[PDB]
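Take a look at this single chain in structure tokens; it is the form deposited in one PDB entry.
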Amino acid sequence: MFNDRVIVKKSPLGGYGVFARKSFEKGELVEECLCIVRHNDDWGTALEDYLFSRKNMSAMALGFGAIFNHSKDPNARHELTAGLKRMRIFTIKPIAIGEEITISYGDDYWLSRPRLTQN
């Protein structure tokens, strides 16, 4: 799974992660993807660890959106439009080829999962 900007491959952080295929400048757009949005309670349990949420709504990012791993020291950030219809991943610093691209899931994601170890 890849495009001109990134590639998906095994990550040292866990499972699969998104990596830079080319160098990125600070503030450059890494990925823009559409999201499927529905009330929080309509998602079952399958995607509990993947979904993004705002208030009573949750969104499942398509494209590479749901594959980005988390880091306490991320090199990218994510934002979702009103209605959570689209998500954008922007770098917050220069990223070199081969470097994993990470975002911040937010504290509660991890605090609510004490059995899971954060890398």
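Just count from 1 along the sequence shown to find any residue number. In this text, rigid core is short for the largest set of C-alphas that superpose within 1.5 Å between two forms. Only residues modelled in both forms are compared.
The form deposited in another entry is left out here; the points below concern that form.
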Original post:
2 Å or more on the CA of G106 between the shown form and the other one, with the rigid core superposed, yes or no?
Top reply: yes
**OP:** Just say closer or farther for the C-alpha distance from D73 to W110 in the other entry, relative to the shown form; it changes by 3 Å or more.
**Re:** farther
Original post:
Closer or farther: the CA pair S53/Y109 in the other entry, versus this form, with a change of 3 Å or more?
Top reply: closer
Original post:
With the two forms aligned on the rigid core, where do runs of 3 or more residues move by 2 angstroms or more at the CA atoms between the shown form and the other one?
Top reply: 105 to 119
